[PDB]
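A.B. asks: Before I ask anything, here is the structure I am working with.
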Amino acid sequence: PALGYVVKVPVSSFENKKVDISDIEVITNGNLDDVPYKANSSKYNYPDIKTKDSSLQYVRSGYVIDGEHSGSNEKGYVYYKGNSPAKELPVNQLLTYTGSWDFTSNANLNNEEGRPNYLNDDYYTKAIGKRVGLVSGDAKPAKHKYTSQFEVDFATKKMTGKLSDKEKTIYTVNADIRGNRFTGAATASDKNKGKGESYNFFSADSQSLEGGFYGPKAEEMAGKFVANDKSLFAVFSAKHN
């Protein structure tokens, strides 16, 4: 069973202006300190690896990006991983999991797509999602905070939740629990891309939301989903209490 997944941020070109999410690799290394492709990150202008949440014992999600990206260079990777799949699951316990989520968009240089050239208030990067995919790591914490919320009913084998940006709800999640795994869908709260500085990178749904509970008594969870149109790849991890 796959311990996690890792995706490279899409990079577009002039006669390939639209490059979608692809090559979702399996992670066989379940060590939470081994960050996927960290050994390749030295060539980045600012090797930006998302902080490790030490309260998380079993799972980890985040990214490995060039935090000072330039032109058409490698942006980096988004991933999640978890070890010790749950073998005992609290039944009739109504658990609430709180954590984060991270993402990378596709790349789309087509001018008609109407992705913004400048949003310095929001991100550390220019030409948002045009040459290279937008990553959650790009956002300035003052304007964007990607948190996850999950309501899990082990009695009814049902999970609901929300992927939020600061206050705003970006996705609602629904999933069926099958053992220590879950599978389901992410529903985009906003279906319209819009245009310009109000361009919406999260307009597409996803029928491929899946992850697992990790740690003996299902103390933690992590997972991922891909947009049905490959425009986004998201990961998440959360702890219950």
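Numbering starts fresh at 1 for the residues of each chain in the structure tokens, the chains themselves are lettered A, B, ... in the order given, and ligands are numbered from 1 as they appear.
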For range 41-157 of chain A against range 189-213 of chain A, with a cut-off of 9 Å and counting only C-alpha atoms, what is the closest atom pair and its distance in Å to one decimal for every residue that makes the cut, ordered by chain and number, as a tab-separated table?
C.D. replies:
```
residue	atom	partner	partner_atom	distance
A:59	CA	A:213	CA	8.9
A:82	CA	A:212	CA	8.2
A:84	CA	A:213	CA	8.8
A:85	CA	A:213	CA	6.1
A:86	CA	A:213	CA	5.7
A:89	CA	A:213	CA	8.8
A:105	CA	A:201	CA	6.9
A:106	CA	A:201	CA	8.9
A:113	CA	A:195	CA	7.5
A:114	CA	A:195	CA	5.0
A:115	CA	A:196	CA	5.6
A:116	CA	A:196	CA	4.8
A:117	CA	A:197	CA	8.0
A:118	CA	A:197	CA	7.4
A:119	CA	A:197	CA	6.8
A:129	CA	A:201	CA	8.6
A:134	CA	A:201	CA	8.4
```
A.B. asks: Using only C-alpha atoms, determine which residues lie at most 10 Å from range 34-37 of chain A, disregarding the query and same-chain residues fewer than 6 positions distant; provide the list as a list in words.
C.D. replies: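 Once the adjacent positions are removed, what remains is residues 5, 6, 7, 8, 27, 49, 50, 52, 60, 61, 62, 63, 64, 65, 76, 77, 78, 79, 80 and 81 of chain A.
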A.B. asks: Write a file of the selected residues as a compact mmCIF listing (two decimals), in the first residue's frame, keeping N, CA and C atoms.
C.D. replies:
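Written out: out.txt:
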```
# COMPACT_ATOMS: atom_id res chain seq x y z
N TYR A 5 1.84 10.28 -1.85
CA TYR A 5 1.93 10.66 -3.25
C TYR A 5 2.60 12.02 -3.38
N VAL A 6 3.28 12.22 -4.51
CA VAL A 6 4.01 13.46 -4.74
C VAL A 6 3.86 13.87 -6.19
N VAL A 7 3.56 15.15 -6.40
CA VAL A 7 3.37 15.67 -7.75
C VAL A 7 4.27 16.87 -8.02
N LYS A 8 4.80 16.93 -9.23
CA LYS A 8 5.61 18.06 -9.67
C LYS A 8 4.71 19.19 -10.16
N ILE A 27 4.93 7.42 -3.07
CA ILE A 27 6.03 7.55 -2.13
C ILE A 27 6.16 6.27 -1.32
N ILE A 49 10.75 24.71 1.83
CA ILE A 49 10.14 23.46 2.25
C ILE A 49 9.20 23.74 3.41
N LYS A 50 7.93 23.40 3.25
CA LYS A 50 6.93 23.74 4.26
C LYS A 50 7.32 23.18 5.62
N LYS A 52 7.45 21.52 9.19
CA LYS A 52 6.90 20.28 9.72
C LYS A 52 6.10 20.53 10.98
N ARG A 60 2.30 13.68 7.23
CA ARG A 60 2.85 14.99 6.89
C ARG A 60 2.47 15.33 5.47
N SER A 61 2.00 16.56 5.28
CA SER A 61 1.75 17.07 3.94
C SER A 61 2.43 18.42 3.81
N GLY A 62 2.76 18.79 2.58
CA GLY A 62 3.38 20.07 2.34
C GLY A 62 3.91 20.21 0.93
N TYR A 63 5.07 20.85 0.80
CA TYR A 63 5.62 21.14 -0.50
C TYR A 63 7.12 21.38 -0.46
N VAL A 64 7.74 21.30 -1.63
CA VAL A 64 9.15 21.61 -1.80
C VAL A 64 9.25 22.50 -3.00
N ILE A 65 9.31 23.80 -2.77
CA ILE A 65 9.25 24.73 -3.89
C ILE A 65 10.38 25.73 -3.92
N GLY A 76 8.78 23.03 -8.22
CA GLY A 76 8.90 22.06 -7.15
C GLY A 76 7.80 21.02 -7.06
N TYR A 77 7.53 20.59 -5.83
CA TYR A 77 6.67 19.43 -5.61
C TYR A 77 5.67 19.62 -4.47
N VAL A 78 4.50 19.00 -4.62
CA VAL A 78 3.50 18.94 -3.56
C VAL A 78 3.27 17.47 -3.21
N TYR A 79 3.08 17.19 -1.92
CA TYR A 79 3.02 15.81 -1.48
C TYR A 79 2.25 15.62 -0.19
N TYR A 80 1.98 14.36 0.14
CA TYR A 80 1.56 13.98 1.47
C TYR A 80 2.09 12.57 1.71
N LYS A 81 2.31 12.23 2.97
CA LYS A 81 2.69 10.86 3.31
C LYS A 81 2.23 10.56 4.72
```
A.B. asks: List every residue of range 129-195 of chain A that DSSP, applied to the backbone of this structure, assigns to strand (DSSP E or B), and report them as a ChimeraX atom specification.
C.D. replies: /A:132,135,139,146-153,158-165,168-178,181-188
A.B. asks: Determine, for each residue of range 94-123 of chain A having at least one atom at most 12 Å from an atom of range 229-234 of chain A, the closest pair of atoms and their separation in Å to one decimal, counting only C-alpha atoms; order by chain and ascending number, as JSON lines.
C.D. replies:
```
{"residue": "A:100", "atom": "CA", "partner": "A:234", "partner_atom": "CA", "distance": 10.6}
{"residue": "A:101", "atom": "CA", "partner": "A:234", "partner_atom": "CA", "distance": 6.9}
{"residue": "A:102", "atom": "CA", "partner": "A:234", "partner_atom": "CA", "distance": 5.6}
{"residue": "A:103", "atom": "CA", "partner": "A:234", "partner_atom": "CA", "distance": 4.1}
{"residue": "A:104", "atom": "CA", "partner": "A:233", "partner_atom": "CA", "distance": 5.5}
{"residue": "A:105", "atom": "CA", "partner": "A:232", "partner_atom": "CA", "distance": 4.3}
{"residue": "A:106", "atom": "CA", "partner": "A:231", "partner_atom": "CA", "distance": 4.8}
{"residue": "A:107", "atom": "CA", "partner": "A:231", "partner_atom": "CA", "distance": 8.1}
{"residue": "A:108", "atom": "CA", "partner": "A:231", "partner_atom": "CA", "distance": 9.4}
```
A.B. asks: Taking only C-alpha atoms into account, which of A:124, A:214, A:154, A:171 comes nearest residue 140 in chain A?
C.D. replies: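 Distance minimum relative to residue 140 in chain A lands on A:124.
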A.B. asks: Could you jot down the CA of residue 40 in chain A to CA of residue 226 in chain A separation for me, Å, one decimal place?
C.D. replies: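 Going from CA of residue 40 in chain A over to CA of residue 226 in chain A, I get 24.5 Å.
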A.B. asks: Contacts of residue 158 in chain A at 6 Å or less, counting only C-alpha atoms, minus same-chain residues fewer than 3 places along, as a PyMOL selection string?
C.D. replies: chain A and resi 153+176-177
A.B. asks: Sorted by chain and rising residue number, list the residues of range 146-210 of chain A at most 12 Å from range 216-224 of chain A (counting only C-alpha atoms), each with its closest atom pair and distance in Å to one decimal, as JSON lines.
C.D. replies:
```
{"residue": "A:148", "atom": "CA", "partner": "A:222", "partner_atom": "CA", "distance": 10.5}
{"residue": "A:149", "atom": "CA", "partner": "A:221", "partner_atom": "CA", "distance": 11.1}
{"residue": "A:150", "atom": "CA", "partner": "A:221", "partner_atom": "CA", "distance": 9.4}
{"residue": "A:151", "atom": "CA", "partner": "A:221", "partner_atom": "CA", "distance": 11.5}
{"residue": "A:152", "atom": "CA", "partner": "A:221", "partner_atom": "CA", "distance": 10.5}
{"residue": "A:154", "atom": "CA", "partner": "A:218", "partner_atom": "CA", "distance": 10.5}
{"residue": "A:159", "atom": "CA", "partner": "A:221", "partner_atom": "CA", "distance": 11.6}
{"residue": "A:163", "atom": "CA", "partner": "A:224", "partner_atom": "CA", "distance": 11.7}
{"residue": "A:173", "atom": "CA", "partner": "A:224", "partner_atom": "CA", "distance": 11.1}
{"residue": "A:175", "atom": "CA", "partner": "A:223", "partner_atom": "CA", "distance": 11.3}
{"residue": "A:177", "atom": "CA", "partner": "A:221", "partner_atom": "CA", "distance": 11.8}
{"residue": "A:179", "atom": "CA", "partner": "A:218", "partner_atom": "CA", "distance": 10.5}
{"residue": "A:180", "atom": "CA", "partner": "A:218", "partner_atom": "CA", "distance": 7.6}
{"residue": "A:181", "atom": "CA", "partner": "A:221", "partner_atom": "CA", "distance": 9.2}
{"residue": "A:182", "atom": "CA", "partner": "A:223", "partner_atom": "CA", "distance": 8.6}
{"residue": "A:183", "atom": "CA", "partner": "A:223", "partner_atom": "CA", "distance": 9.2}
{"residue": "A:184", "atom": "CA", "partner": "A:224", "partner_atom": "CA", "distance": 10.4}
{"residue": "A:185", "atom": "CA", "partner": "A:224", "partner_atom": "CA", "distance": 10.3}
{"residue": "A:186", "atom": "CA", "partner": "A:224", "partner_atom": "CA", "distance": 9.8}
{"residue": "A:206", "atom": "CA", "partner": "A:224", "partner_atom": "CA", "distance": 10.2}
{"residue": "A:207", "atom": "CA", "partner": "A:224", "partner_atom": "CA", "distance": 11.0}
{"residue": "A:208", "atom": "CA", "partner": "A:224", "partner_atom": "CA", "distance": 8.0}
{"residue": "A:209", "atom": "CA", "partner": "A:224", "partner_atom": "CA", "distance": 5.8}
{"residue": "A:210", "atom": "CA", "partner": "A:223", "partner_atom": "CA", "distance": 5.5}
```
A.B. asks: Take the selection from the previous step and output its residues with N, CA, C and O atoms, as a tab-separated table (two decimals), in the first residue's frame.
C.D. replies:
```tsv
chain	number	residue	atom	x	y	z
A	148	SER	N	-7.75	22.85	6.94
A	148	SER	CA	-8.71	21.79	6.65
A	148	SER	C	-9.52	21.42	7.89
A	148	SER	O	-9.03	21.49	9.02
A	149	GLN	N	-10.76	21.03	7.66
A	149	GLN	CA	-11.66	20.63	8.72
A	149	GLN	C	-12.37	19.35	8.29
A	149	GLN	O	-12.93	19.29	7.20
A	150	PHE	N	-12.36	18.33	9.14
A	150	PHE	CA	-12.99	17.06	8.79
A	150	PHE	C	-13.85	16.49	9.91
A	150	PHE	O	-13.39	16.32	11.04
A	151	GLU	N	-15.10	16.19	9.59
A	151	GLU	CA	-16.01	15.56	10.53
A	151	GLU	C	-16.16	14.10	10.15
A	151	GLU	O	-16.57	13.78	9.04
A	152	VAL	N	-15.80	13.21	11.07
A	152	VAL	CA	-15.73	11.78	10.77
A	152	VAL	C	-16.62	10.95	11.69
A	152	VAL	O	-16.46	10.96	12.91
A	154	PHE	N	-17.37	7.24	12.40
A	154	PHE	CA	-16.93	5.87	12.19
A	154	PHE	C	-18.07	4.87	12.38
A	154	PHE	O	-17.93	3.70	12.03
A	159	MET	N	-17.67	10.61	6.20
A	159	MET	CA	-16.84	11.77	6.47
A	159	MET	C	-17.35	12.99	5.71
A	159	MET	O	-17.66	12.92	4.52
A	163	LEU	N	-12.40	22.49	3.05
A	163	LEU	CA	-11.07	23.02	2.77
A	163	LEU	C	-11.20	24.53	2.66
A	163	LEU	O	-11.86	25.04	1.75
A	173	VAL	N	-15.89	18.57	1.37
A	173	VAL	CA	-15.52	17.19	1.06
A	173	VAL	C	-16.57	16.21	1.58
A	173	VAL	O	-17.19	16.43	2.62
A	175	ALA	N	-16.87	11.79	1.79
A	175	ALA	CA	-16.15	10.54	1.57
A	175	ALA	C	-16.72	9.36	2.35
A	175	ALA	O	-17.23	9.52	3.46
A	177	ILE	N	-15.94	5.90	4.35
A	177	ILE	CA	-14.86	5.26	5.08
A	177	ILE	C	-14.89	3.76	4.88
A	177	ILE	O	-15.89	3.11	5.17
A	179	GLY	N	-12.63	0.82	6.13
A	179	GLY	CA	-11.51	0.40	6.96
A	179	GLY	C	-10.74	1.60	7.45
A	179	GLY	O	-11.32	2.54	7.99
A	180	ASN	N	-9.43	1.58	7.25
A	180	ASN	CA	-8.59	2.71	7.62
A	180	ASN	C	-8.37	3.66	6.44
A	180	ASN	O	-7.53	4.55	6.50
A	181	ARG	N	-9.13	3.45	5.37
A	181	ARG	CA	-9.06	4.29	4.19
A	181	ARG	C	-10.36	5.09	4.03
A	181	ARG	O	-11.39	4.72	4.58
A	182	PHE	N	-10.30	6.18	3.27
A	182	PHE	CA	-11.51	6.87	2.86
A	182	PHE	C	-11.43	7.25	1.39
A	182	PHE	O	-10.33	7.40	0.83
A	183	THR	N	-12.58	7.40	0.76
A	183	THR	CA	-12.65	7.69	-0.66
A	183	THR	C	-13.91	8.50	-0.92
A	183	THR	O	-14.95	8.27	-0.30
A	184	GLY	N	-13.82	9.49	-1.81
A	184	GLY	CA	-14.97	10.35	-2.05
A	184	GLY	C	-14.73	11.49	-3.00
A	184	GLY	O	-14.02	11.35	-4.00
A	185	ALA	N	-15.33	12.64	-2.71
A	185	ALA	CA	-15.29	13.75	-3.64
A	185	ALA	C	-15.05	15.10	-2.97
A	185	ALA	O	-15.44	15.33	-1.83
A	186	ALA	N	-14.39	16.00	-3.70
A	186	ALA	CA	-14.25	17.37	-3.26
A	186	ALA	C	-15.15	18.25	-4.12
A	186	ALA	O	-15.14	18.14	-5.35
A	206	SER	N	-13.86	17.25	-8.01
A	206	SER	CA	-12.97	16.09	-8.00
A	206	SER	C	-13.68	14.87	-7.45
A	206	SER	O	-14.21	14.91	-6.35
A	207	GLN	N	-13.66	13.78	-8.22
A	207	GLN	CA	-14.26	12.52	-7.78
A	207	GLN	C	-13.21	11.56	-7.24
A	207	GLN	O	-13.50	10.40	-6.93
A	208	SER	N	-11.98	12.05	-7.11
A	208	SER	CA	-10.86	11.20	-6.72
A	208	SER	C	-10.26	11.57	-5.37
A	208	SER	O	-9.06	11.43	-5.16
A	209	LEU	N	-11.09	12.03	-4.44
A	209	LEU	CA	-10.59	12.35	-3.11
A	209	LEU	C	-10.42	11.07	-2.30
A	209	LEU	O	-11.37	10.31	-2.10
A	210	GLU	N	-9.19	10.82	-1.86
A	210	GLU	CA	-8.90	9.63	-1.07
A	210	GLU	C	-7.64	9.80	-0.24
A	210	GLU	O	-6.72	10.51	-0.62
```
